[PDB]
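Note that the chains take the letters A, B, C and D in the order they are written out, and that residue 1 is the start of every chain.
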Amino acid sequence: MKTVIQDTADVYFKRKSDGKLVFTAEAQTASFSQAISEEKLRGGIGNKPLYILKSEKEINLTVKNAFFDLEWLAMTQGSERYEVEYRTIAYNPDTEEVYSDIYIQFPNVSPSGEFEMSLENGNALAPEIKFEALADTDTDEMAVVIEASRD
Amino acid sequence: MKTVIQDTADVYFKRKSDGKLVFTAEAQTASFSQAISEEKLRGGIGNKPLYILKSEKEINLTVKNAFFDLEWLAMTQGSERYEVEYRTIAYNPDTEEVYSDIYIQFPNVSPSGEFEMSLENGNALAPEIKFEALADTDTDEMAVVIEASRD
Amino acid sequence: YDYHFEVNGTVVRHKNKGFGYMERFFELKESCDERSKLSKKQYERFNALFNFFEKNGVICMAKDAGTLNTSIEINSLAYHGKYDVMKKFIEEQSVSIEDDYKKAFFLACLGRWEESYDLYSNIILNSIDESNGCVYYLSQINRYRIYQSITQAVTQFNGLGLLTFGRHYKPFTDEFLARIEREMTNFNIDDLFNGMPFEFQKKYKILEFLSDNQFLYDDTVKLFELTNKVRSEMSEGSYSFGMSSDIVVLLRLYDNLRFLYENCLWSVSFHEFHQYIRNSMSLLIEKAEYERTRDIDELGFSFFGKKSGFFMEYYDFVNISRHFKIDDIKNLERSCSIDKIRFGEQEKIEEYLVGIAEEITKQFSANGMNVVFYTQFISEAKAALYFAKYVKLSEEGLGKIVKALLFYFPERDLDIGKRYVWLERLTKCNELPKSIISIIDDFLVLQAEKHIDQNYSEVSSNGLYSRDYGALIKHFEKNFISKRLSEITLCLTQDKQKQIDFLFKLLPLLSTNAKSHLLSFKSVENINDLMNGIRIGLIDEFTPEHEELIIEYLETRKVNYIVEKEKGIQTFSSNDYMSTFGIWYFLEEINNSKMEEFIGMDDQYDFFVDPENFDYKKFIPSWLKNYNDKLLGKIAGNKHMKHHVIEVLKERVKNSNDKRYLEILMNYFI
Amino acid sequence: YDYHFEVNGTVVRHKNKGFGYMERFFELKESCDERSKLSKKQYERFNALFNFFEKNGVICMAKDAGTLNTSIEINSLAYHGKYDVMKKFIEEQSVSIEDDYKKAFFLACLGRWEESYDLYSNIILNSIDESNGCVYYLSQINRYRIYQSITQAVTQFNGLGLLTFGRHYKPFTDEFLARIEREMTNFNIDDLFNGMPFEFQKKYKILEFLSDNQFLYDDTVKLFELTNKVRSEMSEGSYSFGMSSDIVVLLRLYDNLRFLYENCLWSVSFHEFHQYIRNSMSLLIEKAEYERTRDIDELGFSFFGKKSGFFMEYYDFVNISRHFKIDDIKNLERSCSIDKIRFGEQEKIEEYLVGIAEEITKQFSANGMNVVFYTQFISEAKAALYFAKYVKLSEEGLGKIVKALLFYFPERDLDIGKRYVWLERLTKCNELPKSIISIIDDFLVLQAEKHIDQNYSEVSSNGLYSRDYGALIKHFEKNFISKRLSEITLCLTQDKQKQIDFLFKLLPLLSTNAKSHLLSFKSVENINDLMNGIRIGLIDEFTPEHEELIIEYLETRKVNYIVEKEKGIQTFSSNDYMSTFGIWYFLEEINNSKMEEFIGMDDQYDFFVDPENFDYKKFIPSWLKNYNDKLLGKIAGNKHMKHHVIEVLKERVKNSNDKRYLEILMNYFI
């Protein structure tokens, strides 16, 4: 009652070619880290360059859960992307009322989990999964967001 | 023989108005600090002046082996403010031969250590103790330094 | 190990395969009809469990977990610093063993480290003829800690006490030391929990880690992992939904503090717990400093808009005041813009500060200083007064604080100069109304009247003395006459050289008649007296006689330098004046041309006297810090000193986080 | 607890009330005549003692301690990463029980976790008949650790591995897993040292901490305290004589590595053990970086007038390449300037790197790949080839490494995109000899043999492709007209045209007649063609038709923009050519006046088009990162916006620590 305040989240994976459902209801760490930079390139010749937009760009994401989804995991037990659709909500500070929802969409995700998390004591599950945002050579992709607050 | 390399130091203290030597010799930590600062304490003056060059300045020091004395400890068991001498040895990097002795002297000192270690598990003695380079209004003070290598 | 309790108040199943005895209880908690279906005794049992789980903050389970605001309420009387109420409570006849255990920790708090051992020995004997081992176990643990504290205290008192405090102080009797060294010689703590009966080993496992020190190991490692994670989050620019890595640290710190302070355990007086709390607060304050400076690319406004900055309440203030040293706070001050951090709940802040201001007065006014207690309280009273400069104090409270700090706070731990620094620090947030002027005037008069004997010299670790003490007054007030100082001066006859000079540099606070009367027999023109007379405004322009004295000093320094070079001796004087004349000659204060004859003695003489021929490699860049804005502006004029000073600046700002260098680089040199 | 052994091999008196049997031994060390005053038996006992002590790093009594140069050496073949010699070793015949223990650890390392448990169960049965104590106690510990490894492996394979590899790879037979759960069902490790015979409990007590978890807690807390110490000293300007607080960290780390690698203990691969090495080496490199830049008055260098400079040796590279991750190493990359550190023994490190590459080639050239080995090896293999940038590689080593990274490395953990980032990074401190150009050309030959697929798209998270490898060829060596690329281009026809994409992206490299072939070939109709042709500089200017295409794209973007506003959701989009087009407008590149018809769409566009009517509250300060030297010069040449950008850069220099901001502000704007 005194002080702390927290929140929640919601994660929603999906494998392409169909609406395959794998998801996590929460993401506590959920460390999201965008990143843009540049170091060096270009031949610096030909006088007029007539362009330049190089910005590499890449996204990092993190999730915790223990719900790999109950049936087809066991189905395959015995590479069509892993697109995720993040969702959450936002509130107006003046009224503190739930008035807006937020959806975040990623079209092409590639999982790269460090497969050496062998720890030394029996842990409380928490198999943290980290994700990379991938793009073909076509167009668009990465980030598209849906936003409520129609009031 | 692979990679550590070490050296040695030595710490002497003394009491004013007598040839009394009641203190350590061999500082294990031997961390030493110098610091100069400024603020708005003179934030306003009558101008047409010159300066004061206050700069505050200070010297912090610490040693840790103890074993002060027993004769002079006994005589003091039954405030000249003490004075400290630091002696180290320096060698020419080209020849690595012992050729110079560094002499440092601080005239005014005032030990003021946190008189509570209160540690949960008993240590191997060595009550680390700190020193502040005190100063009067007269002149000089702080430090005076001599060097050997008259080779 | 059936269920995991996250520090957010939730419950998660780990090892359960049978019935969820934990979930059904919360099911009954939420539902109202099902409670009435139990029997009256079982209804009372459910109420008994409900009174506990609400007291201990376990709210609900994870599959229903939503927005939680856990409470933090520490109620013990030692935390709040209500030391006076402790003396009232102890003077009373207990009606129970529990009261004996409570008074056997309150007494330990107040520094009476001997009277607690007797009551502990009483408790351990009287506690066996009943079925409650918790009191016996905690009593013995506290007893062993008290013995350890006594041993450390006496050993240090014999060790560094004779020099630290000035005399030999043996607060403890010899027989007591003999008896404790007799009793505790064959007691090892590690098997204590093993020695207790099987039943105690069965129910009360939840205290097992308190037998050894491993609990302060298992808390420090878990803080270390989170510190690594938080710094990693900082270095990448990441964000965090849900429970961040810092709120877990805050909750864990408060949980540990409540457990150790409300159960009346003594470990809170030791060093390792201080280390834990120090780092746990430092990491969170640095995180708060970093959140404000975030650069924002595409998501922050929609998620975290109208920044909910870290609020620093009263409970947070108590921790930093109690547990830090004065250097550790200074470490934070150079990497956190703590002025912006809001400090709420100022009303209780003022009350705690006044408590510290009154306990010091009581202790050092009465002839009896409890030296065991003085060690556990001087550091905290120092830190609180230091940190008092980040909060608004009311007038009466400020007068109490200032009265406590100026007169009665010991000369041992606050030199004359440092008192001024702290007093000025308390003048940042608060103005200077006539009341505080009264205490400052009283202090000046008191130190003046004490300054009459022929050997009562002074010291300082800044070299302040009363000279800038008067400047503090005149920086705010303008027309101080200081009737008392005039009274001192008017009756001063002659032959009081130290009194003559001591109030000389206090000149700007004198009366018109006293000023003229003191101009007579005033220190004539000695170089020390010269610079001090300039420092008080007596001297306005240099006369050729003043320049003659200056040349005398230069010649003395040159011959001393020749002697030093023959002996190979170097000096670093707190009264090194070589630096100043270069500034005076650069800006045309002195027109004499002989200065160049002394080029090559001190680097700061060369760096100003002969800018054209100076060897800028010798330039130490720490100097610019001691340079005031008008010199930093004139320094940006001359050719001979523009082409170089810029470059070194470029080097240091890139090579360090010294924001000051960045300031001199930005506002002036560019 | 009689004495106290410091981390340097010195000894001090702790709890001695009798004869100093350490002191007598140490005086016997230097007294040859007294060494001759013993029987042959006693002389042999002293010799055994002397050999053991000299192997244990102990030197002398602290009273006579001078300059100590302690030796360091790691002799476990697993540390040096010699995976072939170990393979030969395992096949050899066992001789003694110690060889069985060593082979058990070796089997554990190579990822063949199955037979390791069976051999351990064999040695545990066969051990005692020789009456050996230590081997049994260590064999049970290794067994439990390896059981934890197997269980976590099977759970992790079932959980995420199915998505990771795409196949539910089962490394362990079901009956083996069924057994291992049975044997160690109730194994609570804490009792292992409390169950062994009393005789064992009096000899090897020192080996007690290896049972419970505390052996990685005790050292971790000491590293945390030391880290606090060095961090506090780093922000005071302090100097440490003799041993700093940081050399103890190096000594503890190396001693721990010797104890945990020579004794063949399996705790080496656990994450909690990596945690220790991470924060140890990070602290060491941070200390070196801080020492590299600071100020001194006169005596600062006079204290320790030299440095180790953190000459980072071969063992250091092995440790960092093993026990880090790429995300970890980039954190040190941001803060410290690792380029400025010196690489020693530039020959052994080549042996390590070529061994890693050779192992990769062996594993992924044959159809066999022990998946369990892939779980452990890939992180080290990534880290080593990342950090190799600063290492001045030789000819053959460079060739082999470049071959191995390009051809054999699995695509999943390093795709076509970041492989550019790694292969380019190896060329900063090295050249591009002809053999490496042959290798990189062979890569393009393989990709030529690949560019026939029907659904491949060269998915990448950096947006660069096999064209950029030839581009990197051409940046160094301009006139490298590709030859076999000409061969593939000539034979292909218009009908099968999925190869046009790649071939036209490699328009830089082709024969002149191949150029002519591509002339009548290919087409340019949509924006991808425009940008791609400009990427090679083929398009030197824009005819009005190309402007019309641009306008058509802009109209399409408007006609959705309106709907999205009516639908009110936002957007973003990744490769935003609108930001580009905004660049085109400002840089004189297009002088068309219709562009202003699309103002107000993207903040980046608005910041370029209309300096008159662009308010500055929506400035994203990450913009200035992604700009070219000439473009930055052009924007700095403007008069309209220079002041506002200057302010928004000043604020983020002052409140932040991004050094690139700093360089940008001074190099260009000043």
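Quick note on the criterion: a residue touches a chain if its C-beta (ideal position, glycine included) is under 8 Å from a C-beta of that chain, and two chains touch if they have at least 3 such contacts.
Asks: If you match contact pairs by residue number, which of B-C, B-D or A-D shares over half of them with A-C?
Replies: Most of the contact pairs in A-C are shared with B-D.
Asks: In terms of C-beta pairs in contact, which of B-C and B-D ranks higher?
Replies: When B-D is set beside B-C, the one with more contacts is B-C.
Asks: Compute the distance, rounded to whole Å, between the mean C-alpha positions of subunit C and subunit D.
Replies: Comparing mean C-alpha positions, subunit D is 41 Å from subunit C.
Asks: Just curious, how far off is subunit D from subunit A if you go by their C-alpha centres, in Å?
Replies: So the centre of subunit A lies 23 Å away from the centre of subunit D.
Asks: Using mean CA coordinates as chain centres, what's the subunit B-subunit D distance in Å?
Replies: Averaging C-alpha atoms per chain gives centres 43 Å apart.
Asks: Name the residues of subunit D that each touch 2 or more other chains.
Replies: 236, 297-298, 572, 622
Asks: What parts of subunit B, by residue number, touch at least two of the other chains?
Replies: Where subunit B meets two or more other chains at a single residue, that happens at 143, 145.
Asks: Which part of subunit A faces subunit D closely enough to touch in the complex?
Replies: Contacts found on subunit A: 36-38, 42-43, 46, 48-58, 68, 73, 76-79, 82, 108, 110-121, 127, 129, 132-147, 150.
Asks: For the complex, which residues does subunit B have touching subunit D?
Replies: It is residues 1-9, 27-35, 60, 88, 90, 93, 102, 104, 124, 143, 145 of subunit B that touch subunit D.
Asks: Applying the document's contact rule, which stretches of subunit D touch subunit C when the two form their complex?
Replies: Residues 214, 217-218, 220-221, 224-225, 228, 232, 235-236, 275, 278-279, 293-298, 327, 331, 334-335, 572, 620-622, 650, 652-657, 659, 662-663, 666, 670 of subunit D touch subunit C in their complex.
Asks: Residue numbers of subunit D touching subunit B in their complex, please.
Replies: 4, 8, 12, 14, 65-73, 233, 236-243, 245, 247, 250-251, 297-300, 302-306, 308, 311, 313
Asks: How about subunit D: which of its residues touch subunit A in the complex?
Replies: 145, 148-149, 152-153, 156, 158-164, 166, 168, 213, 216, 267, 269-273, 325, 374-376, 378-379, 412-413, 457-463, 465, 474-475, 478, 501, 528, 531, 534-535, 537, 539-541, 568-575, 577, 579-580, 583-584, 589, 622, 625-626, 628, 630-631
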